[PDB]
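Data block below; observations after.
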Amino acid sequence: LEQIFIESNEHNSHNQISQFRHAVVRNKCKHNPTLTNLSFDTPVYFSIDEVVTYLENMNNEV
Amino acid sequence: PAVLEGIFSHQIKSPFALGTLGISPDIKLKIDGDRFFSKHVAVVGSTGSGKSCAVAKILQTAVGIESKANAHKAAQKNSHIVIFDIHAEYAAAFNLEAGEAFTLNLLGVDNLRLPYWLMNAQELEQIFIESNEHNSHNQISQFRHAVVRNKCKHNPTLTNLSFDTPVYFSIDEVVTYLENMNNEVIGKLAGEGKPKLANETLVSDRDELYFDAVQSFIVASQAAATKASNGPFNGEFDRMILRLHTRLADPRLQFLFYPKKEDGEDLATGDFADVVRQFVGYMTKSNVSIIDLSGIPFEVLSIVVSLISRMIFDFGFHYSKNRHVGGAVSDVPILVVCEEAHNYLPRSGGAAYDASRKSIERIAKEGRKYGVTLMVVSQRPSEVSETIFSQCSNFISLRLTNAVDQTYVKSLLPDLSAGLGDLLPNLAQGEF
Amino acid sequence: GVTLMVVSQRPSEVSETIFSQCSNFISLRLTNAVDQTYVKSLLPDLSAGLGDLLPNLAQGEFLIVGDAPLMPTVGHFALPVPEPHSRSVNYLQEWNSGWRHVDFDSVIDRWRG
Amino acid sequence: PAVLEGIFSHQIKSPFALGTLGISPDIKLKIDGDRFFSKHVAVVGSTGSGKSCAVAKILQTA
Amino acid sequence: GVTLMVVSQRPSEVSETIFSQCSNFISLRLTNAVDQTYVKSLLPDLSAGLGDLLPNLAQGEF
Ligand SMILES: Nc1ncnc2c1ncn2[C@@H]1O[C@H](COP(=O)(O)OP(=O)(O)OP(O)(O)=S)[C@@H](O)[C@H]1O
Ligand SMILES: Nc1ncnc2c1ncn2[C@@H]1O[C@H](COP(=O)(O)OP(=O)(O)OP(O)(O)=S)[C@@H](O)[C@H]1O
Ligand SMILES: [Mg+2]
Ligand SMILES: [Mg+2]
């Protein structure tokens with residue numbers, strides 16, 4: 001996932017990867033609440049569109 | 001036969017029975033044990049040649065377990081091994097019936113007690129701070145100051161404490177400390193050259209109040225009546241806290257950031273001893289300890305191995321030296337078996353691995369003097385580091401196919417003995 | 001009037017400047033082939049087979065190359081009385097005694113530094 | 001042995017004794033200690049070959 | 001009106017462009033093997049019968 005979707009040779013790669021992780025981890029819960037101990041790598045369902053929406057809202061917020 | 005037996009029996013002292021010779025099956029073979037385990041040993045073998053079974057036979061003969069009958073039941077002897085197993089393979093080669101009275105230590109992710117206050121500098125600088133690999137000269141230094149001045153609070157009896165020193169230090173306190181420094185506003189007034197809280201009560205020693213709870217700082221302004229000027233480091237750290245709170249809340253690594261005791265409590269600066277005993281089998285009086293590294297992720301294994309190696313080395317060094325003070329040689333030797341080395345010791349690899357290669361590399365250069373030895377088992381030498389397999393002084397070669405890998409073995413053998421280096425690609429199953 | 005003598009576990013792990021200007025070499029046991037290449041190269045041709053012995057030289061033997069000697073040769077060194085503390089732990093002998101007790105207090109405190 | 005040791009040493013001026021010659025443990029090996037100890041010397045060896053001990057012997061004899 | 005005279009104890013290390021234009025060669029005892037091959041290549045009129053003498057040359061022969 002870190003590969004298919006992201007670049008790594010920029011000035012500010014770390015500070016976006018380290019938030020995409022959190023975005024996926026969170027998006028995994030809402031649509032899979034019953035379970036617990038969810039982690040980035042665990043296979044459950046989630047939507048990338050919501051991820052884009054979240055990372056878009058995080059940019060403009062004052 | 002009798003003569004060829006006695007030849008090996010009486011010429012060589014301290015023997016180590018290994019197996020049968022291929023020329024004649026009945027005869028038994030033996031080798032100098034004080035040399036074998038004193039200088040680093042190496043096994044290299046292709047798939048299906050059964051490296052692991054051979055290693056297990058060696059270790060069994062070393063600890064005495066023969067014919068499923070522990071010979072040393074009444075009294076225990078000395079033997080200390082530490083196996084790094086990726087896939088739980090060896091966890092059953094030593095599982096005897098209760099009658100044999102064998103105590104084995106079997107550790108795993110769920111029961112491993114390895115805290116963070118026992119990591120040296122570079123390790124922390126890798127695990128907590130992740131930015132512009134070396135472009136963070138402010139944050140790094142302030143982090144170090146926070147840890148250094150916090151350690152003295154929770155272990156006040158000790159003197160001259162430094163960063164790299166292994167004693168307790170809480171991370172949540174440090175996070176909140178920096179989160180406080182963020183919103184600082186100095187109450188710039190006559191004789192008021194220090195911070196000001198909501199209740200106008202100034203502060204004299206930051207290390208006394210920020211560490212415990214968040215504070216609500218007062219406003220800033222240039223008005224001559226309530227002149228309060230902003231803090232030095234404000235704004236600088238608005239993001240480090242939010243980057244950390246993430247990591248520190250990862251569950252996969254909960255075994256390193258939030259350790260617990262059997263009675264559900266946090267370890268203190270005096271429990272250090274115990275944390276070591278297990279890695280050396282002194283807790284349960286188990287000659288053998290077997291680590292499992294499957295469940296661990298890829299991103300933290302490289303450090304989880306380095307740390308264990310470092311602990312073993314430090315123990316051995318200090319004990320061997322305190323014994324040398326008298327003159328005698330060390331008496332608590334250790335053998336570290338490294339399985340599936342090609343995963344965490346590449347020849348050409350990025351820094352994502354380096355933290356390991358150093359630790360082990362030390363043992364390969366200057367470990368003998370202090371009482372630690374290695375045993376590497378790998379499927380393909382040219383992938384294993386060069387320093388490690390440059391110093392080893394005993395090679396057990398099982399079947400090998402390609403020719404580029406043959407060179408390493410076909411070299412060590414001299415000229416007149418040469419002729420055997422051609423038997424490699426026909427070796428049956430189990431031979432060496 | 002200042003001179004140097006450096007000892008390393010392997011040659012490649014030293015600057016290429018120093019060794020280049022080092023006249024005489026004292027070569028003890030070496031196993032890897034890379035390290036063996038350097039030492040084999042330096043020797044002459046009239047007597048070059050001597051390099052075939054490197055992989056299995058005993059605990060003390062040394063091969064000498066350079067100008068000081070009349071011609072390259074092998075030799076033994078008798079142990080030095082007294083010796084510098086470098087002794088090798090005897091593993092299988094210490095692995096046939098009873099379990100020993102270690103006062104951790106000591107080791108830990110000394111670790112404390 | 002006598003004539004051999006003579007041919008070996010007498011020519012050089014200032015000798016330095018090193019040890020026994022493997023081809024003959026009886027003889028004693030000598031070397032020009034001026035070209036030595038003056039031009040830079042080096043030692044390389046694996047673990048357990050006897051580097052530090054030999055260095056100590058050379059120093060002690062010097 | 002400018003000529004050179006090179007004197008080196010290990011020609012293999014010295015550049016190849018120089019020795020090429022050099023015409024007349026004076027050779028004394030040589031021991032190493034690599035240098036022998038190069039000197040045997042550059043030397044123009046070396047009949048195989050002569051070359052073998054290079055490493056057995058006495059003290060002073062040229
Ligand atoms: N002395 C022996 N007697 C009978 N069978 C043997 C003997 N030695 C080896 N084998 C057989 O060889 C096989 C052992 O293969 P393994 O030990 O699993 O290979 P390996 O060394 O684990 O290879 P990897 O993948 O690097 S761990 C078993 O099926 C044994 O039956
Ligand atoms: N002439 C000798 N005869 C028999 N044993 C010897 C002789 N010389 C040395 N040894 C043994 O060699 C061992 C010491 O080797 P060292 O010289 O300490 O190795 P080293 O060069 O120090 O390697 P390190 O660890 O990188 S400093 C001692 O235990 C001696 O018993
Ligand atoms: Mg295996
Ligand atoms: Mg030494």
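By order of appearance in the structure tokens: chains A, B, ..., then residues from 1 within every chain, and ligands from 1 in the order shown.
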Please report, as CSV, each residue of chain D lying at most 10 Å from ligand 4, together with the nearest pair of atoms and the separation in Å rounded to one decimal; use only C-alpha atoms and all ligand atoms, and order rows by chain and ascending residue number.
```
residue,atom,partner,partner_atom_place_in_ligand_line,distance
D:47,CA,ligand 4,1 (Mg),9.2
D:48,CA,ligand 4,1 (Mg),9.6
D:50,CA,ligand 4,1 (Mg),8.3
D:51,CA,ligand 4,1 (Mg),6.4
D:52,CA,ligand 4,1 (Mg),4.4
D:53,CA,ligand 4,1 (Mg),7.7
D:54,CA,ligand 4,1 (Mg),9.8
D:55,CA,ligand 4,1 (Mg),9.0
D:56,CA,ligand 4,1 (Mg),9.8
```
Taking the chain letters and numbering used in this document, name the residues of chain A that DSSP puts in alpha helix (DSSP H), as an NGL selection string. :A and (14-30 or 48-60)
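Any residue of chain B with an atom within 12 Å of chain D counts; using only C-alpha atoms, that gives residues 35, 38, 39, 40, 363, 364, 365, 366, 367, 368, 369, 387, 388, 389, 390, 391, 392 and 393 of chain B.
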Taking only C-alpha atoms into account, find every residue of chain C that has an atom no more than 10 Å from chain B, and write it out as JSON, numbers by chain. {"C": [9, 10, 13, 30, 31, 32, 33, 34, 35, 52, 53, 54, 55, 56, 85, 86, 87, 88, 89, 90, 91, 92, 93, 94, 95, 96, 97, 98, 99, 100, 101, 102, 103, 104, 105, 106, 107, 108, 110, 111, 112, 113]}
If you count only C-alpha atoms, which residues fall within 9 Å of range 15-20 of chain D, apart from same-chain ones fewer than 4 positions away, as an MDAnalysis selection string? (chainID C and resid 74:78) or (chainID D and resid 9:10 24:34 36 57:58 61:62)
Please produce an output containing N, CA and C atoms for each residue in the selection, written as an mmCIF file, in the first residue's frame.
```cif
data_model
loop_
_atom_site.group_PDB
_atom_site.id
_atom_site.type_symbol
_atom_site.label_atom_id
_atom_site.label_comp_id
_atom_site.auth_asym_id
_atom_site.auth_seq_id
_atom_site.Cartn_x
_atom_site.Cartn_y
_atom_site.Cartn_z
ATOM 1 N N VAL C 74 58.493 -18.907 6.131
ATOM 2 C CA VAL C 74 57.517 -19.227 7.149
ATOM 3 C C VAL C 74 58.239 -19.399 8.472
ATOM 4 N N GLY C 75 57.501 -19.216 9.555
ATOM 5 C CA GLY C 75 58.119 -19.394 10.853
ATOM 6 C C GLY C 75 57.111 -19.535 11.966
ATOM 7 N N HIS C 76 57.600 -20.087 13.070
ATOM 8 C CA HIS C 76 56.886 -20.174 14.328
ATOM 9 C C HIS C 76 57.416 -19.122 15.287
ATOM 10 N N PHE C 77 56.542 -18.680 16.177
ATOM 11 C CA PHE C 77 56.906 -17.811 17.283
ATOM 12 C C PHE C 77 56.596 -18.527 18.583
ATOM 13 N N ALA C 78 57.556 -18.536 19.492
ATOM 14 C CA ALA C 78 57.319 -19.070 20.815
ATOM 15 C C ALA C 78 56.569 -18.047 21.654
ATOM 16 N N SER D 9 73.039 -14.614 8.131
ATOM 17 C CA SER D 9 73.197 -13.407 8.931
ATOM 18 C C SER D 9 74.432 -12.595 8.567
ATOM 19 N N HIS D 10 75.606 -13.225 8.598
ATOM 20 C CA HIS D 10 76.866 -12.486 8.617
ATOM 21 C C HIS D 10 76.857 -11.293 7.674
ATOM 22 N N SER D 24 62.905 -26.133 9.696
ATOM 23 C CA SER D 24 63.885 -26.687 10.616
ATOM 24 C C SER D 24 63.767 -26.015 11.978
ATOM 25 N N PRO D 25 63.084 -26.631 12.941
ATOM 26 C CA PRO D 25 62.921 -25.980 14.249
ATOM 27 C C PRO D 25 64.222 -25.755 14.986
ATOM 28 N N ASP D 26 65.339 -26.269 14.480
ATOM 29 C CA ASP D 26 66.604 -26.093 15.180
ATOM 30 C C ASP D 26 67.169 -24.699 14.954
ATOM 31 N N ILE D 27 67.148 -24.236 13.718
ATOM 32 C CA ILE D 27 67.783 -22.976 13.375
ATOM 33 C C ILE D 27 67.004 -21.818 13.986
ATOM 34 N N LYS D 28 67.656 -20.662 14.033
ATOM 35 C CA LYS D 28 67.055 -19.421 14.493
ATOM 36 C C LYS D 28 67.060 -18.424 13.349
ATOM 37 N N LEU D 29 65.920 -17.798 13.108
ATOM 38 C CA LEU D 29 65.792 -16.866 12.003
ATOM 39 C C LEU D 29 66.156 -15.455 12.427
ATOM 40 N N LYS D 30 66.910 -14.789 11.565
ATOM 41 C CA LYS D 30 67.370 -13.435 11.789
ATOM 42 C C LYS D 30 67.018 -12.586 10.585
ATOM 43 N N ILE D 31 66.817 -11.296 10.830
ATOM 44 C CA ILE D 31 66.426 -10.371 9.782
ATOM 45 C C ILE D 31 67.126 -9.040 9.986
ATOM 46 N N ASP D 32 67.301 -8.327 8.880
ATOM 47 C CA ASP D 32 67.825 -6.972 8.912
ATOM 48 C C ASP D 32 66.871 -6.083 9.686
ATOM 49 N N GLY D 33 67.276 -5.686 10.879
ATOM 50 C CA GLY D 33 66.440 -4.901 11.750
ATOM 51 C C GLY D 33 66.504 -3.425 11.492
ATOM 52 N N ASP D 34 67.246 -3.016 10.473
ATOM 53 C CA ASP D 34 67.348 -1.614 10.113
ATOM 54 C C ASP D 34 66.340 -1.259 9.034
ATOM 55 N N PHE D 36 63.918 -2.973 8.723
ATOM 56 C CA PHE D 36 62.815 -3.148 9.642
ATOM 57 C C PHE D 36 62.945 -2.119 10.747
ATOM 58 N N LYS D 57 55.947 -10.027 21.601
ATOM 59 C CA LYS D 57 57.252 -10.672 21.564
ATOM 60 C C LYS D 57 58.268 -9.787 20.867
ATOM 61 N N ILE D 58 57.880 -9.209 19.734
ATOM 62 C CA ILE D 58 58.776 -8.320 19.015
ATOM 63 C C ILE D 58 59.186 -7.160 19.899
ATOM 64 N N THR D 61 61.596 -8.263 22.732
ATOM 65 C CA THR D 61 62.943 -8.517 22.258
ATOM 66 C C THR D 61 63.627 -7.236 21.823
ATOM 67 N N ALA D 62 62.854 -6.238 21.413
ATOM 68 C CA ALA D 62 63.449 -4.984 20.977
ATOM 69 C C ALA D 62 63.965 -4.181 22.158
#
```
Give me the residues near residue 38 in chain C as a list in words, where near means some atom within 12 Å (using only C-alpha atoms) and where sequence neighbours in that chain fewer than 6 positions away do not count.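 With the cut-off at 12 Å, the set is residues 10, 11, 12, 16, 19, 20, 25, 27, 30, 32 and 51 of chain C; 44 of chain D.
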Got a sec: who's within 12 Å of residue 23 in chain A, counting only C-alpha atoms, leaving out chain neighbours fewer than 5 positions off, as a short mmCIF file (atom, residue, chain, number, x, y, z; two decimals) with N, CA, C and O atoms, in the first residue's frame?
```cif
data_model
loop_
_atom_site.label_atom_id
_atom_site.label_comp_id
_atom_site.auth_asym_id
_atom_site.auth_seq_id
_atom_site.Cartn_x
_atom_site.Cartn_y
_atom_site.Cartn_z
N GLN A 16 3.50 12.82 5.57
CA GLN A 16 2.26 12.44 4.91
C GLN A 16 2.01 10.95 5.01
O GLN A 16 0.86 10.53 5.18
N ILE A 17 3.06 10.15 4.93
CA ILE A 17 2.93 8.73 5.19
C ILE A 17 2.43 8.51 6.61
O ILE A 17 1.51 7.71 6.86
N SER A 18 3.04 9.20 7.56
CA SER A 18 2.71 9.02 8.96
C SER A 18 1.32 9.52 9.30
O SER A 18 0.91 9.45 10.46
N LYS A 28 -10.82 1.99 9.02
CA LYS A 28 -11.10 0.57 9.12
C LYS A 28 -12.10 0.27 10.23
O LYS A 28 -12.85 -0.71 10.15
N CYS A 29 -12.14 1.11 11.26
CA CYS A 29 -13.03 0.84 12.39
C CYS A 29 -14.47 1.12 12.02
O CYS A 29 -15.34 0.25 12.16
N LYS A 30 -14.75 2.33 11.54
CA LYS A 30 -16.13 2.75 11.32
C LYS A 30 -16.93 1.70 10.58
O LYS A 30 -18.06 1.38 10.97
N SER A 39 -5.41 -3.30 13.20
CA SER A 39 -4.12 -2.70 12.88
C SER A 39 -4.02 -2.49 11.38
O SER A 39 -4.68 -3.17 10.60
N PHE A 40 -3.18 -1.53 11.01
CA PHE A 40 -2.98 -1.15 9.62
C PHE A 40 -3.02 -2.34 8.68
O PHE A 40 -3.67 -2.30 7.63
N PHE A 46 -12.38 -1.27 3.65
CA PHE A 46 -12.33 0.17 3.81
C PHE A 46 -12.30 0.86 2.46
O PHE A 46 -12.00 0.25 1.43
N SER A 47 -12.62 2.15 2.49
CA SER A 47 -12.83 2.94 1.29
C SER A 47 -11.71 3.96 1.15
O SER A 47 -11.42 4.70 2.09
N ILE A 48 -11.11 4.01 -0.04
CA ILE A 48 -10.04 4.95 -0.30
C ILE A 48 -10.60 6.34 -0.55
O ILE A 48 -9.93 7.35 -0.32
N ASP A 49 -11.84 6.40 -1.04
CA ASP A 49 -12.45 7.69 -1.32
C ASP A 49 -12.57 8.51 -0.05
O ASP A 49 -12.26 9.72 -0.04
N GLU A 50 -12.99 7.87 1.03
CA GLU A 50 -13.07 8.57 2.30
C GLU A 50 -11.69 9.06 2.73
O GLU A 50 -11.57 10.13 3.32
N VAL A 51 -10.66 8.28 2.42
CA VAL A 51 -9.31 8.68 2.78
C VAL A 51 -8.94 9.96 2.07
O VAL A 51 -8.37 10.89 2.66
N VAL A 52 -9.21 10.02 0.78
CA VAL A 52 -8.92 11.23 0.03
C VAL A 52 -9.68 12.40 0.62
O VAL A 52 -9.14 13.50 0.79
N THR A 53 -10.94 12.17 0.99
CA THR A 53 -11.74 13.26 1.53
C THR A 53 -11.13 13.78 2.82
O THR A 53 -11.06 14.99 3.06
N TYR A 54 -10.65 12.86 3.66
CA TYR A 54 -10.10 13.25 4.95
C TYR A 54 -8.80 14.01 4.78
O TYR A 54 -8.58 15.04 5.42
N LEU A 55 -7.93 13.51 3.90
CA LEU A 55 -6.66 14.19 3.70
C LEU A 55 -6.87 15.51 3.00
O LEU A 55 -5.98 16.37 3.02
N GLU A 56 -8.02 15.69 2.36
CA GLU A 56 -8.31 16.96 1.74
C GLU A 56 -8.81 17.96 2.76
O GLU A 56 -8.47 19.14 2.72
N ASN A 57 -9.64 17.49 3.70
CA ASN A 57 -10.11 18.38 4.75
C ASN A 57 -8.98 18.79 5.67
O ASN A 57 -8.99 19.90 6.20
N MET A 58 -8.00 17.91 5.86
CA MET A 58 -6.93 18.22 6.80
C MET A 58 -6.03 19.32 6.30
O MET A 58 -5.26 19.88 7.08
N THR B 246 0.43 9.01 17.70
CA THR B 246 0.04 7.92 16.82
C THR B 246 0.82 6.66 17.13
O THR B 246 0.26 5.65 17.56
#
```
If the cut-off is 10 Å, can you tell me the residues of chain B near chain A, counting only C-alpha atoms? I'd like them as a count of residues only. 14
